[PDB]
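Visitor: just dropping in an experimental structure and the matching sequence.
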Amino acid sequence: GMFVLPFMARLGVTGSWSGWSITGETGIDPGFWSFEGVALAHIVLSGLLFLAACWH
Amino acid sequence: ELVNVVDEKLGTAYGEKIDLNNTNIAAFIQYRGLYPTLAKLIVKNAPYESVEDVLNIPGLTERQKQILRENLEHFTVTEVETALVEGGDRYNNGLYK
Amino acid sequence: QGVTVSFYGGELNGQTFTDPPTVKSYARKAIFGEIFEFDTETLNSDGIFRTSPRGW
Amino acid sequence: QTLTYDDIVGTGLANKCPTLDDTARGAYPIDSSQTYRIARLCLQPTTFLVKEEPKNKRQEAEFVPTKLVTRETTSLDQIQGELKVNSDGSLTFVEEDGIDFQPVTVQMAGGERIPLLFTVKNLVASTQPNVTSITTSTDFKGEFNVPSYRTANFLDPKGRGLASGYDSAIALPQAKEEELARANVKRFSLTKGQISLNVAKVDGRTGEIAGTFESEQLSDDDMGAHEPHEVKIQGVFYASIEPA
Amino acid sequence: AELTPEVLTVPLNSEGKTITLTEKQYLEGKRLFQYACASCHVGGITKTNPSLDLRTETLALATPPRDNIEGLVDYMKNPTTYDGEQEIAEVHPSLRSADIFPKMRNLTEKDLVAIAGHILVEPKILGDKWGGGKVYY
Amino acid sequence: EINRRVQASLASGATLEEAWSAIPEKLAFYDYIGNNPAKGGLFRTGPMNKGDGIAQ
Ligand code: CLA
Ligand code: HEC
Ligand SMILES: CC1=C(/C=C/C(C)=C/C=C/C(C)=C/C=C/C=C(C)/C=C/C=C(C)/C=C/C2=C(C)CCCC2(C)C)C(C)(C)CCC1
Ligand SMILES: CC1=C(/C=C/C(C)=C/C=C/C(C)=C/C=C/C=C(C)/C=C/C=C(C)/C=C/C2=C(C)CCCC2(C)C)C(C)(C)CCC1
């Protein structure tokens, strides 16, 4: 039932910070741009747009 | 089925006597002459196939054998329960006061 | 202490139990007074006591 | 030049096995009539690998790498015992005493912590036959005991344990016990583990050998509440041979 | 209840003779016990070795029996292990190791009898509280 | 009341099985702590059957 997870993987986000990847390969490190790093980048962006909306 | 092996061992002679294969060393205080000298030697030279094998610990004096022979009635031997002997629990089983 | 349990009346009338796990499980139920068979499956009963309308 | 506690403390060097210079490609003559002794055996794990559980029966049951989470607490050190020359000039090492276990927790991809009692308890390891000199080709191979990761006084969070504690779930005074039985009845496991020590460097003069090891043993089964994982432990060793 | 003669009558030796302590030497014994012994034997246990206590039934099974005044006084002069095999004066307070246990220095024979009396009387008063530990607090 | 009826039955020559088999299930069921209204919890919701089960 994964809806957004294939969209992240399609453009190259393969891994989790918890250490698995979507291909099943054991022992890659994704750096910042894991699935959690993408999600965090969207939440942060959501809050910054919220503040900008207030200002405008 | 699934059984608590320590609870099951209380149904044996371990529940009623000093098991030379299993009982923690502090139970040797219960009778005169065992602790700590003979108790240390009994725990160290375990396991025993019978109680009377306790008179074959080497280096015992003559009075030491006489102490043990007085106390053979208070001793028993069972199978080595690993739950009671691992971790050094025969010397310190976390029971104090 | 060689504890056994025998039942008089009820479902287990005339039965006697000697193996210490079984005797213990009945002793733990005996702290509640009389011992009853319970259908826990119909309501998905959780095993934790509830109060009566008198209490509510 | 030889360090003290004040140089060592807080640096992590205390968790390391001692090493040997590259020059020490020597050989330690075993006199077949003398009694020898291991004065100090140290095992420093470097890698912990855990076997995965494919729900399939089949598949590749491969050993996967794990991250250590319990810090530099992993080495076994100060292990002693007799090194008995046998009939055929094989040496057998009988472990007597030392710091021969360490609880270790590793973490798998996904966050599963795997606790294990990394141990060489009651190690009986033997060489090949016809070994007059301990060389850089000697391989000790042996079996040890893996006792339960918790001992019998350990209480679970609901106060259940083996030699102590409740035998039931007291929070659910009228639940059906028969499905709680695996959690209610604690069981002390005792398993066998298998180690192979490969000599790589012998100081033939001093009698200090060093090399690598590989150990295979089960992880913790949590007093029988779940199935343990197969763990492979790889690292380095140092031993010091001494005539008793 | 009062602190009668009959409470204060304790076995003097092992043969069978008793001595009846006065209330003054009971209270000097409790004071001297507190000053010299209670840091390890508060309430009749033993903090640094809980396997051995000061219950009269444990003192009776010691070698030689310590469940009388003369046996207790001798222990304070020459303490042994529970089987009487090792002298332990280098690690237990006594008059022969009063150089290393300086609270033992000025204890007289009447002081040791008073301490020995307190150890024997106190279980007749406290019951299982004496030597029972925190379960009986 | 249960013990009274039993002892009256045992004073008339009943066996132990006969004495206890005469005690009504209704009377024994009142002698059971899971029917005590002081055994519940504020957020333990629902009928008493939801705890221990439906008594059979
Ligand atoms: C006097 C009122 C009263 C009493 C004693 C009962 C009693 C009962 N009801 Mg009934 N019921 C009532 C009124 C009552 N009801 C009303 C008014 C309705 C319509 C909503 C119902 C609808 C109803 C249903 C649908 C069911 C029951 C059931 C039951 C039984 C189970 C009780 C339970 O689980 O409660 C649980 C009680 C609590 C969880 C307590 C709630 C705590 C409150 C809400 C906290 C609020 C705090 C407040 C906001 C603080 C303000 C702070 C501010 C001032 C600063 C029990 C016999 C059940 C049953 O078994 O039927 C067969 C069941 O299924 N009742
Ligand atoms: C701790 C620092 C102690 C102080 C102070 C005193 N004692 Fe003690 N006592 C201590 C230990 C560790 C032991 C056990 C020694 C052993 O290995 O056997 C004891 C033992 C005794 C006993 C014997 C108890 C028995 O059951 O036989 C007695 C009677 C005794 N100690 C008395 C005693 C007195 C009177 C003390 C004050 C002067 C005193 N002890 C000090 C530890 C310590
Ligand atoms: C229950 C349920 C569910 C869930 C759901 C969900 C989860 C949803 C959510 C939803 C959401 C979550 C929504 C949101 C919304 C929002 C909005 C709508 C907003 C708005 C805003 C605004 C309006 C703003 C304003 C402002 C400000 C603030 C400032 C600046 C300016 C302005 C004015 C602009 C599901 C389906 C699963 C299932 C079934 C049931
Ligand atoms: C570069 C880069 C990138 C990108 C990024 C981005 C995308 C950014 C964005 C940014 C943003 C998006 C920003 C924002 C900002 C905001 C702000 C700065 C705001 C502020 C506000 C304010 C100041 C306001 C105030 C107020 C309020 C709050 C309330 C009311 C009143 C007022 C109005 C006063 C990436 C990562 C990809 C990569 C790398 C590089």
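Guide: Received, thanks. Residues are numbered from 1 along each chain as shown, chains lettered A, B, ... in the order given. Ligands and ions are numbered 1, 2, ... in the order given.
Visitor: going by C-alpha atoms from here, please, whenever you check contacts or count neighbours.
Guide: OK.
Visitor: which SS class is residue D:192?
Guide: When classified by DSSP: H, G, I helix; E, B strand; the rest coil, residue D:192 comes out as strand.
Visitor: let me fix that: residue E:40
Guide: helix.
Visitor: my read is that it contacts residue E:48, right?
Guide: Yes: with contact defined as C-alpha atoms under 8 Å, residue E:40 and residue E:48 form a contacting pair (6.6 Å).
Visitor: comparing the two, which residue is more hemmed in?
Guide: Per other C-alpha atoms under 10 Å in any protein chain shown, whichever of residue E:40 and residue E:48 has more neighbours is residue E:40, with 15 against 10.
Visitor: now do the same contact list for that one.
Guide: If a contact means C-alpha atoms under 8 Å, 6 or more residues apart in numbering or on different chains, then residue E:40 has E:46, E:47, E:48 as its contacts.
Visitor: next: residue A:18.
Guide: Residues near residue A:18 by C-alpha under 8 Å, 6+ apart: D:109, D:110, D:111.
Visitor: what is the nearest of those residues to ligand 1?
Guide: Distances from ligand 1 to those, taken as C-alpha to the nearest ligand atom, are shortest for residue D:111 (36.2 Å).
Visitor: confirm residue D:240 sits in a strand?
Guide: Yes: membership of residue D:240 in a strand is supported by three-state DSSP.
Visitor: so it touches residue D:39, yeah?
Guide: Yes: with contacts counted by C-alpha under 8 Å, residue D:240 reaches residue D:39, the gap being 5.5 Å.
Visitor: let's have the contacts of residue A:18 in TSV, adding neighbour count, secondary structure and distance to residue E:74.
Guide: As requested, the contacts of residue A:18 are exported to TSV (neighbours: other C-alpha atoms under 10 Å in any protein chain shown; DSSP: H, G, I helix; E, B strand; the rest coil; distance: C-alpha to C-alpha, whole Å):
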residue	neighbour count	secondary structure	distance to residue E:74
D:109	19	coil	68
D:110	12	coil	68
D:111	14	coil	64
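Visitor: now do stretch B:84-97: distance to the chain's middle.
Guide: Remark: stretch B:84-97 is offset 12 Å from the chain centroid, using C-alpha atoms, centre = their mean, to the nearest Å.
Visitor: which parts of that stretch are buried?
Guide: In terms of neighbour count (16 or more other C-alpha atoms under 10 Å in any protein chain shown), stretch B:84-97 has its buried residues at B:84, B:85, B:86, B:87, B:89, B:90, B:93.
Visitor: so which of the residues you listed belong to helices?
Guide: The helices, defined by DSSP state H, take in B:84, B:85 from the buried residues of stretch B:84-97.
Visitor: ok, so of the buried residues of stretch B:84-97, who is nearest chain A?
Guide: Closest approach between the buried residues of stretch B:84-97 and chain A, by C-alpha to the nearest C-alpha: residue B:87, at 34.9 Å.
Visitor: next, the contact list for the closest one, please.
Guide: Contacts for residue B:87 were tallied using C-alpha under 8 Å, 6+ apart; they are residue D:151.
Visitor: ok, it to residue B:72 distance?
Guide: 27 Å (C-alpha to C-alpha, to the nearest Å).
Visitor: ok now stretch C:8-22, how far from the chain's centre?
Guide: Centre to centre, stretch against its chain (C-alpha atoms, centre = their mean), the figure for stretch C:8-22 is 11 Å.
Visitor: residues contacting it, please?
Guide: Stretch C:8-22 is contacted from outside by C:2-7, C:23, F:16-23, F:25, using C-alpha under 8 Å, 6+ apart.
Visitor: kindly recompute the last result at 7 Å.
Guide: Outside stretch C:8-22, the residues within contact range by C-alpha atoms under 7 Å, 6 or more residues apart in numbering or on different chains are C:4, C:5, C:6, C:7, C:23, F:16, F:17, F:20, F:21.
Visitor: quick one, helices of chain C?
Guide: Per DSSP H, chain C carries helices over the ranges C:20-30.
Visitor: what does chain E give?
Guide: In chain E, the helices defined using DSSP H lie at E:23-36, E:38-41, E:56-60, E:69-77, E:109-126.
Visitor: could you dump the ones you listed to TSV with distance to ligand 1?
Guide: Shown next, in TSV, are the helices of chain E (distance: least, C-alpha to the nearest ligand atom, whole Å):
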stretch	distance to ligand 1
helix E:23-36	56
helix E:38-41	53
helix E:56-60	57
helix E:69-77	66
helix E:109-126	50
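Visitor: relative to residue D:102, which of the ones you listed is closest?
Guide: Nearest to residue D:102, of all these, is helix E:38-41, at 34.0 Å by C-alpha to C-alpha.
Visitor: centre of the chain to that closest one, how far?
Guide: The answer for helix E:38-41 is 11 Å, by C-alpha atoms, centre = their mean.
Visitor: right, is it up against ligand 2?
Guide: Yes: judged by C-alpha under 6 Å from any ligand atom, helix E:38-41 and ligand 2 are in contact via E:39, E:40.
Visitor: OK, contacts around the most centrally placed residue in chain D?
Guide: Per C-alpha atoms, centre = their mean, the C-alpha nearest to the average position across chain D is that of residue D:119, at 2.8 Å. Residues in contact with residue D:119 (C-alpha under 7 Å, 6+ apart) are D:100, D:101, D:102, D:146.
Visitor: from residue D:170, how far off is the closest residue to chain F within chain B?
Guide: Relative to chain F, the nearest point of chain B is residue B:2 (24.6 Å; C-alpha to the nearest C-alpha). Distance of residue B:2 to residue D:170, given as C-alpha to C-alpha: 19 Å.
Visitor: ditto for residue E:128
Guide: Distance from residue E:128 to residue D:170, by C-alpha to C-alpha: 30 Å.
Visitor: with residue F:1 instead?
Guide: According to C-alpha to C-alpha, residue F:1 stands 30 Å off from residue D:170.
Visitor: tell me how many other residues crowd residue 46.
Guide: As the question left the chain open, I've gone with chain A. Neighbours of residue A:46 using other C-alpha under 10 Å come to 12.
Visitor: ah, no, chain D please
Guide: Residues near residue D:46, counting by other C-alpha under 10 Å, number 15.
Visitor: checking my notes, it in a strand, right?
Guide: Yes: under three-state DSSP, residue D:46 sits within a strand.
Visitor: for chain F, give me its nearest residue in chain E.
Guide: Nearest to chain F in chain E, going by C-alpha to the nearest C-alpha, is residue E:135, at a distance of 28.9 Å.
Visitor: start from the N-terminal end of chain B and give the strands.
Guide: Secondary structure of chain B (DSSP state E): strands at B:18-19, B:75-76.
Visitor: distance to ligand 2 added to these, as CSV?
Guide: Output for the strands of chain B, formatted as CSV (distance: least, C-alpha to the nearest ligand atom, whole Å):
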stretch, distance to ligand 2
strand B:18-19, 19
strand B:75-76, 22
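Visitor: tell me which of those sits nearest to residue D:96.
Guide: Shortest distance between residue D:96 and those, using C-alpha to C-alpha, is found for strand B:18-19: 24.5 Å.
Visitor: spatially central residue for chain B, please.
Guide: The centroid of chain B falls nearest to residue B:20 when counting by C-alpha atoms, centre = their mean (2.7 Å).
Visitor: who are the contact partners of that residue?
Guide: Taking C-alpha under 7 Å, 6+ apart as the definition, contacts of residue B:20 comprise B:42, B:43, B:46, B:75, B:76, B:77.
Visitor: ok, now with 8 Å
Guide: Residues near residue B:20 by C-alpha under 8 Å, 6+ apart: B:42, B:43, B:46, B:47, B:48, B:51, B:75, B:76, B:77, B:78.
Visitor: what sits against whichever residue of chain A sits closest to chain D?
Guide: Closest to chain D within chain A is residue A:19: 4.4 Å, counting by C-alpha to the nearest C-alpha. Residue A:19 makes contact with A:26, A:27, A:28, A:29, D:108, D:109, D:110, according to C-alpha under 8 Å, 6+ apart.
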